[PDB]
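There are 4 protein chains.
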Amino acid sequence: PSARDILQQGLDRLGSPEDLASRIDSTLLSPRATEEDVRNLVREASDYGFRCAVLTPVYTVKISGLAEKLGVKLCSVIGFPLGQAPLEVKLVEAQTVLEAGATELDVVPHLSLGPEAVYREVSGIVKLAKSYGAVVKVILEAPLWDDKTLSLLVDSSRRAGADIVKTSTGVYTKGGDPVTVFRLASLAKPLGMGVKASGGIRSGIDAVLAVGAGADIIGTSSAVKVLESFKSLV
Amino acid sequence: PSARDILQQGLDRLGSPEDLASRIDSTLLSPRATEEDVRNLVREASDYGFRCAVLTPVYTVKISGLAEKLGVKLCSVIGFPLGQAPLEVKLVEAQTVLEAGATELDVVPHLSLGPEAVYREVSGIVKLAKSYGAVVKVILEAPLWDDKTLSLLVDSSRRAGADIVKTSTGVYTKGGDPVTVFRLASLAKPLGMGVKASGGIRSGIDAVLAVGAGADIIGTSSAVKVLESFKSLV
Amino acid sequence: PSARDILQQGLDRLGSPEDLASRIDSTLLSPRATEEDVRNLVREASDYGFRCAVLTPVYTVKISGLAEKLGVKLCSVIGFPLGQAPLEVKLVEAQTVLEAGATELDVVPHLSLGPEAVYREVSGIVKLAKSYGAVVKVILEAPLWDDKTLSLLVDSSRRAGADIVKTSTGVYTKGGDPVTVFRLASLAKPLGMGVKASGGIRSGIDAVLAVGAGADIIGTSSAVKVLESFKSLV
Amino acid sequence: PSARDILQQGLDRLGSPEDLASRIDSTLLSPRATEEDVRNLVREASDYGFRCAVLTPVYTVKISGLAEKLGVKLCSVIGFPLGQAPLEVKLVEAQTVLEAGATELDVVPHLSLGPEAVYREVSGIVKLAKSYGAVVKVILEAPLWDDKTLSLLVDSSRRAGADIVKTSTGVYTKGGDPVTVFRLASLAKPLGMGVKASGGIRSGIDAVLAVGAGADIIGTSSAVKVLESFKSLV
Numbered sequence: 002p003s004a005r006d007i008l009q010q011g012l013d014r015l016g017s018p019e020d021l022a023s024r025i026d027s028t029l030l031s032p033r034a035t036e037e038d039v040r041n042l043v044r045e046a047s048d049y050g051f052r053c054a055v056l057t058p059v060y061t062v063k064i065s066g067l068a069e070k071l072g073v074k075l076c077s078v079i080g081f082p083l084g085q086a087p088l089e090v091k092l093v094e095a096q097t098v099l100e101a102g103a104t105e106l107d108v109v110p111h112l113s114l115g116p117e118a119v120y121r122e123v124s125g126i127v128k129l130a131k132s133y134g135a136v137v138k139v140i141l142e143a144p145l146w147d148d149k150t151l152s153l154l155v156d157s158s159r160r161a162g163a164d165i166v167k168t169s170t171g172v173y174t175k176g177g178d179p180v181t182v183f184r185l186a187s188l189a190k191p192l193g194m195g196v197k198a199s200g201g202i203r204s205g206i207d208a209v210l211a212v213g214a215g216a217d218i219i220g221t222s223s224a225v226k227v228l229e230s231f232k233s234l235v
Numbered sequence: 002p003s004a005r006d007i008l009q010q011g012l013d014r015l016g017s018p019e020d021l022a023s024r025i026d027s028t029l030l031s032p033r034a035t036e037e038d039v040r041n042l043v044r045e046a047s048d049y050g051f052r053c054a055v056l057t058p059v060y061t062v063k064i065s066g067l068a069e070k071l072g073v074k075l076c077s078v079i080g081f082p083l084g085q086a087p088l089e090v091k092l093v094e095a096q097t098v099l100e101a102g103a104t105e106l107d108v109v110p111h112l113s114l115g116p117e118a119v120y121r122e123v124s125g126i127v128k129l130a131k132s133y134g135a136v137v138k139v140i141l142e143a144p145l146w147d148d149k150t151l152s153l154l155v156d157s158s159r160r161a162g163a164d165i166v167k168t169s170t171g172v173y174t175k176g177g178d179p180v181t182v183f184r185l186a187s188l189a190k191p192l193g194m195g196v197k198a199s200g201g202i203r204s205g206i207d208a209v210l211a212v213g214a215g216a217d218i219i220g221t222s223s224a225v226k227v228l229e230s231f232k233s234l235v
Numbered sequence: 002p003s004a005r006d007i008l009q010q011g012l013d014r015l016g017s018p019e020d021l022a023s024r025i026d027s028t029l030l031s032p033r034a035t036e037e038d039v040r041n042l043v044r045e046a047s048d049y050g051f052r053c054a055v056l057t058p059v060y061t062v063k064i065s066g067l068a069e070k071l072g073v074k075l076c077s078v079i080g081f082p083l084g085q086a087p088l089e090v091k092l093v094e095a096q097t098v099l100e101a102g103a104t105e106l107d108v109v110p111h112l113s114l115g116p117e118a119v120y121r122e123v124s125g126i127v128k129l130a131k132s133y134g135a136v137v138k139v140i141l142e143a144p145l146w147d148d149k150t151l152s153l154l155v156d157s158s159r160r161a162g163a164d165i166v167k168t169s170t171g172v173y174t175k176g177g178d179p180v181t182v183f184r185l186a187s188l189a190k191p192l193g194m195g196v197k198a199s200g201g202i203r204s205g206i207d208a209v210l211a212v213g214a215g216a217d218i219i220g221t222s223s224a225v226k227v228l229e230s231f232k233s234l235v
Numbered sequence: 002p003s004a005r006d007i008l009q010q011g012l013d014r015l016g017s018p019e020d021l022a023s024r025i026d027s028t029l030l031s032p033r034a035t036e037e038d039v040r041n042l043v044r045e046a047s048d049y050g051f052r053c054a055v056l057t058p059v060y061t062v063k064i065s066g067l068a069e070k071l072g073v074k075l076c077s078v079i080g081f082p083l084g085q086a087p088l089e090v091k092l093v094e095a096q097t098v099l100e101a102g103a104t105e106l107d108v109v110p111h112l113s114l115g116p117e118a119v120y121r122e123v124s125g126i127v128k129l130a131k132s133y134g135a136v137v138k139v140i141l142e143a144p145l146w147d148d149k150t151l152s153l154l155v156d157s158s159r160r161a162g163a164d165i166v167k168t169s170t171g172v173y174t175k176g177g178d179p180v181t182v183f184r185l186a187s188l189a190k191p192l193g194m195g196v197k198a199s200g201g202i203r204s205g206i207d208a209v210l211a212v213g214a215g216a217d218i219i220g221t222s223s224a225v226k227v228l229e230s231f232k233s234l235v
């Protein structure tokens with residue numbers, strides 16, 4: 002795609018602030034995040050109509066009550082952000098979050114073990130997830146691998162039953178840029194998988210470019226600012 | 002302007018690679034730059050049809066012969082990048098480059114001395130530049146000032162007779178982003194002055210966004226990559 | 002302490018490369034780390050006589066056989082690096098690594114829930130660790146808190162029965178610098194707890210400075226370079 | 002040298018705060034620096050006994066009166082920080098500063114033109130400088146070149162009549178670290194040239210390590226903090 006292609010595609014897909022808001026997974030995954038910050042995250046998600054609230058396992062559970070009351074979908078990260086705890090540990094972690102009402106999981110598999118291990122690991126998590134009717138997004142840290150390796154990873158995710166593939170944890174890499182988004186999307190979309198872009202998305206512009214590049218969902222810890230920035234540059 | 006506004010404005014103005022190449026001030030201002038590098042810069046500027054080649058005073062002089070032969074317009078930075086040498090020094094520097102054939106000057110005034118001082122100083126080099134029919138672009142390091150102060154600097158530049166105002170040196174600040182570009186453009190355009198965006202412009206998308214925000218000229222040390230990036234994202 | 006004080010204290014404690022190597026927790030906690038990399042880490046730990054090898058739960062388990070064969074002590078990070086999975090999850094994770102032979106745990110508690118919560122949580126893993134005669138190092142992300150808050154965290158760690166307190170995860174903060182190390186040490190040592198410095202320790206000089214500031218143990222992903230750098234600056 | 006060597010050497014040379022203060026060239030070379038900041042720089046230089054005040058040409062001239070009254074030696078940067086204005090322009094610049102009372106010049110030659118050009122250029126500046134009994138420090142941007150090239154540069158400076166060689170402009174590179182300081186010192190000292198380290202020196206510790214590595218003079222824009230940091234770590 003050309004530069005013009007990505008800009009035009011973004012414009013074709015985001016006609017209104019509501020369109021953008023509906024694609025944003027409002028996130029809070031900071032070592033400093035308090036219960037108060039989490040409450041504010043969920044309330045604002047409802048206030049602005051964001052796709053869902055993304056939290057760590059503990060806060061997902063603690064805030065599930067309020068989220069249910071306000072009708073805010075909850076997404077929890079799993080084995081995040083390093084992803085090198087054993088499969089059993091991630092399942093116990095996913096279980097507690099699923100039992101609490103979380104309907105989506107942003108999973109970090111043990112990527113460095115290779116495509117086959119990722120397939121076996123993700124399949125195990127998707128299995129638990131399906132029993133709750135939960136959606137699984139697989140974080141692939143795309144900036145770390147070449148295309149051949151990213152393809153193998155996307156394919157293992159597909160074969161595992163995953164719905165969406167995510168570009169980055171936003172910790173070890175950043176994947177909110179058009180190039181990284183396109184690298185993942187050019188592989189995921191043909192297979193019918195959704196695409197989530199995350200990492201450094203701070204402006205409405207950043208958001209529109211990511212969508213134009215192929216992202217279906219926008220992950221960001223600055224959801225409100227991204228939305229306001231979309232409406233007005235300054 | 003909204004995020005959509007700047008994207009659309011960028012698309013409306015840059016329909017072809019030629020349109021882009023025509024607005025690009027291909028630059029080389031590095032402590033590592035060699036004569037060989039400069040020859041390559043000027044030759045490729047000719048190859049790609051870039052707006053001009055931007056160089057330091059010494060290389061502007063050394064390459065003037067080649068530039069003339071290949072029909073490449075030359076632009077020299079003056080008092081770059083700190084701008085705290087006295088006017089007398091800057092005038093001697095400009096005089097030498099003008100004597101060599103440079104038709105544009107990207108001047109860094111002693112900004113921190115205040116709007117009035119900038120007015121007097123720029124009025125001086127503009128007077129000199131005019132005798133050679135050369136254009137003057139005033140670098141204002143926009144990211145350093147609030148809107149009130151930037152307006153004062155833009156106004157002084159206008160009063161002094163300058164043609165264009167530039168967002169940044171790319172050294173002490175980076176002003177290639179849409180917000181910075183708009184901040185300057187919103188003030189300068191109503192006054193009939195041109196706007197040049199510089200600082201961190203590495204992709205074709207960066208270029209299109211800067212133009213959409215109001216930049217007439219794009220300054221970049223990666224002219225070739227920006228152009229190729231414009232044609233193909235990856 | 003004065004700058005001279007920390008330098009002198011560092012020199013007084015590290016007379017030989019062996020003294021240094023003996024205080025180094027050779028670490029590998031990367032999303033890119035492969036089994037091969039881990040084998041190399043453990044083998045070189047043996048070669049250089051490093052204090053132990055620090056790994057993620059999965060690799061701690063996979064390498065336990067080799068580690069035992071080469072007589073390399075194993076330390077696993079727990080709930081690393083964000084620490085916001087519930088205690089139950091962290092306990093399962095620790096249990097598996099302890100079952101494999103790990104004798105030390107570098108634990109990341111859910112710091113942002115407050116001192117009291119940290120006390121209860123750490124008391125839990127310490128109880129488990131004790132049944133295996135394993136040592137527990139509590140990561141406090143010192144750079145994130147003021148002295149009053151850090152003191153509260155140090156005190157909770159002490160009350161919970163932890164042996165050592167660690168300055169940082171090396172991910173959300175970097176705590177290998179003398180100031181951070183002293184901030185922690187000034188609080189922990191008077192309480193009889195050990196101090197581990199981690200985050201950005203790349204040179205032998207970084208190591209000596211951290212020890213001079215009060216670090217008993219040095220955590221680093223560049224163990225070999227730190228040692229060689231200790232022997233020769235260049 | 003070993004890590005211990007550099008720490009011990011620093012301690013041998015900096016026994017008191019006064020020792021450190023006497024080696025510090027208190028600097029202010031910011032695009033934001035105002036006349037008020039400059040006055041404060043000079044007053045404090047006297048207050049703490051720093052070696053001298055380092056300023057841009059314009060401020061050197063504007064503050065010379067006060068500096069003379071307080072007995073504060075003045076050092077001006079020349080052709081700083083890019084160094085690619087012609088020799089004649091730098092001489093006019095050096096002249097105005099010398100005529101004002103500046104007794105030291107921190108010169109940035111056009112390094113990328115090669116050793117021979119640097120020799121011819123520096124000789125020209127040293128010539129003007131000697132007539133005022135002024136000292137010349139030649140900035141070599143050491144981090145940019147290999148040892149062979151740095152040696153050629155140090156030798157051209159020596160042959161040119163320069164007194165001191167400086168590691169960095171602090172703009173295009175940073176040379177306050179032990180490694181970079183040693184690289185320059187191991188070449189300069191045998192030839193009897195002084196050594197100035199600059200770039201990122203913010204702590205008393207940073208200062209002591211640089212001296213231990215061979216720096217005779219410490220350039221820093223945080224002179225007061227470096228000195229206070231030397232006396233007390235926190």
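Chains as they are written, first to last, in the entry's author numbering: chain B, 2 to 235; chain A, 2 to 235; chain A', 2 to 235; chain B', 2 to 235. A prime marks a further copy of an entry chain. In this text, a Cβ means the ideal position worked out from N, Cα and C, and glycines have one as well.
query: Relative to the C-alpha of A':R24, which residue among A':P32, A':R33, A':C53, A':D38 is closest?
result: A':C53
field: Best match in A':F81, A':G80, A':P82, A':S65 for proximity to A':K74 [C-alpha to C-alpha]
entry: A':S65
field: Residues sharing a beta bridge with B':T28, DSSP
entry: As DSSP reads the structure, B':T28 sits in a beta bridge with B':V55.
- request: Compare the C-beta of A':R121 with all C-beta atoms of chain B and state if any pair is closer than 7 Å.
  value: no
query: Quick one: which chain A' residues come within Cβ less than 9 Å of B:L141?
result: Chain A' residues near B:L141: none, gap ~10 Å exceeds 9 Å.
- prompt: Considering only C-alpha positions, which residue in the set A':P87, A':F183, A':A216 is nearest to A':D148?
  reply: A':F183
task: Check whether the Cβ atoms of residue 236 of chain B' and A':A4 lie closer than 7 Å to each other.
output: Within the shown structure, residues of chain B' are numbered from 2 to 235, placing residue 236 of chain B' beyond reach of any answer.
message: Using the three-state DSSP reduction, which class does A':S223 fall into: helix, strand or coil?
response: coil
- prompt: What does residue 246 of chain A' reach in chain B if we use C-beta pairs closer than 9 Å?
  reply: Nothing in the structure corresponds to residue 246 of chain A', since chain A' is present only between 2 and 235.
task: Please work out which residues of its chain come closer than 6 Å, Cβ to Cβ, to A:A46, disregarding the five sequence neighbours upstream and downstream, and give them in chain order.
output: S27, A54, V73
- prompt: How do the stretch 215–227 of chain A and the stretch 198–217 of chain A' stand: do at least 3 beta-carbon pairs fall below 8 Å, yes or no?
  reply: No contact exists between the stretch 215–227 of chain A and the stretch 198–217 of chain A'.
query: Is A:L114 near the ligand FAD, judged by its Cβ being under 6 Å from some heavy atom?
result: With respect to the ligand FAD, the structure offers nothing, as it holds no ligand at all.
- prompt: When the cut-off is 7 Å and only beta carbons count, does B:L8 lie next to chain A?
  reply: It does; some Cβ of chain A falls within 7 Å.
- request: For the alpha helix (DSSP H) containing B:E94, list its first residue and its last residue.
  value: 88–100
- prompt: When you compare only the Cα positions, how much space is there between A':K131 and A':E94?
  reply: 15 Å
task: Please compile the residues from chain A' whose C-beta is within a distance smaller than 9 Å of the C-beta of B':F51.
output: Chain order gives no chain A' residues near B':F51, where near means a beta carbon separation below 9 Å; the closest approach is about 17 Å.
- request: Using a Cβ-Cβ cut-off of 7 Å, state whether A':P110 counts as contacting chain B.
  value: no
field: Runs of beta strand (DSSP E) lying entirely within the stretch 159–221 of chain B, each at least 3 residues, in chain order
entry: Fully enclosed beta strand (DSSP E) runs of 3 or longer: 165–167, 195–199, 218–221.
task: Starting from B':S77, trace the beta strand (DSSP E) both ways and give me its first and last residue.
output: 75–79
- prompt: At a CB-CB cut-off below 8 Å, which residues of chain B' make contact with A:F81?
  reply: Close to A:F81, with beta-carbon spacing below 8 Å, are these residues of chain B' in chain order: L83.
task: Compare the C-beta of A':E117 against all C-beta atoms of chain B and say whether one is closer than 7 Å.
output: no
- prompt: Roughly how far, in whole angstroms, is the beta-carbon of A':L56 from the beta-carbon of A':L29, given that I think they are within contact range, below 8 Å?
  reply: 6 Å
message: Going by DSSP in three states, A:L12 sits in which element: helix, strand or coil?
response: helix
A:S17 classed as buried or exposed, judged by whether at least 16 other C-beta atoms fall within 10 angstroms: exposed
query: By how many angstroms is the C-alpha of A:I7 removed from the C-alpha of B:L88?
result: If you take the alpha carbons of B:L88 and A:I7, they lie about 46 Å apart.
- request: Mind checking the stretch 160–176 of chain A against chain B' and listing, in chain order, the residues whose C-beta falls within less than 9 Å of any C-beta there?
  value: Shown in chain order are the members of the stretch 160–176 of chain A whose Cβ falls below 9 Å from a Cβ of chain B': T170, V172, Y173, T174.
query: Which one of A:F231, A:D156, A:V78, A:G84 has the shortest CA to CA distance from B':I79?
result: Nearest of A:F231, A:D156, A:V78, A:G84 to B':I79, Cα basis: A:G84.
query: Nearest-angstrom Cα distance between B':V59 and A':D48?
result: 59 Å
message: Give the list of continuous beta strand (DSSP E) stretches no shorter than 3 residues that lie fully inside the stretch 110–141 of chain A'.
response: Whole beta strand (DSSP E) segments, 3+ residues: 136–140.
message: Could you give the first and the last residue of the continuous beta strand (DSSP E) run that contains A:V108?
response: That run of the beta strand (DSSP E) goes 105–108.
query: Below 7 Å between beta carbons: does that hold for B:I218 and B:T170?
result: no
message: Just checking: is the beta-carbon of A':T181 within a distance shorter than 7 Å of some beta-carbon in chain B?
response: Cβ-Cβ to chain B under 7 Å: no for A':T181.
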